[PDB]
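Quick heads-up: it's one chain on its own, the form deposited in one PDB entry, in structure tokens.
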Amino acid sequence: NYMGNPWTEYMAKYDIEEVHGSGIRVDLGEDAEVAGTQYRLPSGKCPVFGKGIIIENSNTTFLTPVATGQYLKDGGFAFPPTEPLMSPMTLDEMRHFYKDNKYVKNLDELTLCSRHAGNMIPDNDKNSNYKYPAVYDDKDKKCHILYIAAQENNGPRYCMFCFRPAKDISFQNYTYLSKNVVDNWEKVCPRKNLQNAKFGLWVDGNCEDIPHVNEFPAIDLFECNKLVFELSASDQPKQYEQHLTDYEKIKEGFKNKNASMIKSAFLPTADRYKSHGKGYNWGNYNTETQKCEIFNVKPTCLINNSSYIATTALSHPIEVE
């Protein structure tokens, strides 16, 4: 049994630590200075298909522009109107806008949205490396730049916004994009779920079952993908204090308050809250028994099993191939 693992090249895109390298549920894998203070920001190299933000106890949608001039509770997370308008921007508008840039004009729509978002200067700071994240909506072909990079805020006494990341049927055409999304993501990142296939581990010439999985009821692929997402790699502080302090806000990915930057004397001037993509990122869904089998070790082969669909936290929650 001294031939190799024949699955190595095919399974590269499922090594999430390597190809994505950051949180998935909450991505805050880098820090970047703006006006003297280090802020956390998304840095995953792969698109996160189907991810959006749910605002608790409100009628506001998260792609609504932030409240300006408007009560805070009536606004979302998206860029406020700029002149000329930079967000939202359609795919056609983006390609026209970048007509004279050979290196950007013909990027795929997801990478283009990421790059477009990355051209927005934060807080008139000419030399900051901070770059806002974005959400691309594949139905309307619209790129939405996010002004708020925070993705979860729901401590006991934290809520003015209560919110959390989730996959929801309403978000199925959305993709969450960090500043770092690679231009060849289609080749090196997951997207489609693998029908009639089961993730496994290559041992001694056969694909064997993942040794340790956690099993949950799930009515379909979508709910399994949702469960994997909820348990996946997260850069959120696994710690909520008694009150939402400025230090905690920075730890959650906030940058601005009303008319000023958020600062804290407690900011150490690391790597305490970075998953670097480690987590329960993978699932095998049994379509015959309605069980979602979730695990936290990278798979290194596929098992030919017609009862299964293989999924990841990054993957689209519906699409199969």
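Rigid core (definition): largest C-alpha set, two forms, superposition within 1.5 Å. Quick note: we count residues from 1 along the sequence shown, nothing fancier.
Student: Determine, among the other compared PDB entries that model residues flanking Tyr158, whether at least a third leave it unmodelled.
Tutor: Looking at the other entries that model residues on either side of it, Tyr158 is missing from at least a third.
Student: Within the set of other compared PDB entries, does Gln290 lack a model in a third or more?
Tutor: Across the compared entries, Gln290 is modelled every time.
Student: Gap size between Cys159 and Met160, counting deposited residues with no coordinates: none, 1 to 3, 4 to 9, or 10 or more?
Tutor: Unmodelled stretch: 4 to 9 residues.
Student: Enter the number of deposited residues without atomic coordinates between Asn57 and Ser58, binned as none, 1 to 3, 4 to 9, or 10 or more.
Tutor: Missing in between: none.
Student: Between 9-17 and 308-316, point out the one with the higher average CA B-factor as the PDB entry records it.
Tutor: Comparing 9-17 with 308-316, the higher average CA B-factor belongs to 9-17.
Student: Decide which of the stretches 114-122 and 101-109 has the higher mean C-alpha B-factor, going by the entry.
Tutor: Looking at the recorded C-alpha B-factors, 101-109 comes out higher on average.
Student: Would you mind finding, among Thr175, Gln151, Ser234, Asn184, the residue with the largest C-alpha temperature factor in the entry?
Tutor: Each of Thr175, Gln151, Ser234, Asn184 was compared by C-alpha B-factor; the highest is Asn184.
Student: Which one, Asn296, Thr287, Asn258, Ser275, has the peak C-alpha temperature factor per the PDB entry?
Tutor: The listed residue with the largest C-alpha B-factor is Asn258.
Student: What third of its chain's C-alpha B-factors does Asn127 belong to: lowest, middle or highest?
Tutor: CA B-factor rank for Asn127: highest third.
Student: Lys167: which third of its chain by C-alpha temperature factor?
Tutor: Ranked within chain, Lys167 CA B lands in the lowest tercile.
Student: Split the chain's modelled residues into thirds by Cα B-factor; is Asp246 in the lowest, middle or highest one?
Tutor: Middle third of the chain for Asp246's C-alpha B-factor.
Student: Going by the CA temperature factor in the PDB record, which third of the chain does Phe254 belong to: lowest, middle or highest?
Tutor: For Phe254, whose C-alpha B-factor we compare with every modelled residue in the chain, the answer is the middle third.
Student: In terms of the CA temperature factor given in the entry, to which third of its chain does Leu267 belong: lowest, middle or highest?
Tutor: As the PDB entry reports it, the C-alpha B-factor of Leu267 lands in the highest third of its chain.
Quick note: we don't show the form solved in complex with a partner chain, though the next part is all about it.
Student: For the three residues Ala12, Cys46 and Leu201, which mark the spot I'm curious about, does each lie within 4.5 Å of its partner chain in the bound PDB entry through at least one heavy atom?
Tutor: No, none of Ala12, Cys46 and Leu201 comes within 4.5 Å of its partner chain in the bound PDB entry.
Student: With the partner left out here, check for me: in the bound PDB entry, does some heavy atom of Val188 sit within 4.5 Å of its partner chain?
Tutor: Output for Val188 is no: heavy atoms all beyond 4.5 Å of its partner chain.
Student: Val182 versus its partner chain, in the bound PDB entry: is there a non-hydrogen atom within 4.5 Å?
Tutor: No, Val182 sits far enough from its partner chain in the bound PDB entry that none of its heavy atoms falls within 4.5 Å.
Student: Although its partner chain is absent from this view, report whether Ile210 comes within 4.5 Å of it in the bound PDB entry, heavy atoms only.
Tutor: Outside the cut-off, so no.
Student: Would you classify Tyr176 as touching its partner chain in the bound PDB entry, given a 4.5 Å non-hydrogen atom cut-off?
Tutor: Although its partner chain is absent here, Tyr176 would stay clear of it in the bound PDB entry, with no heavy atoms inside 4.5 Å.
Student: Superposing the core, which one of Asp168, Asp125, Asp220, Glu186 shows a C-alpha shift reaching 2 Å or more between this form and the one not shown?
Tutor: It is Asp125; the other listed residues stay below 2 Å.
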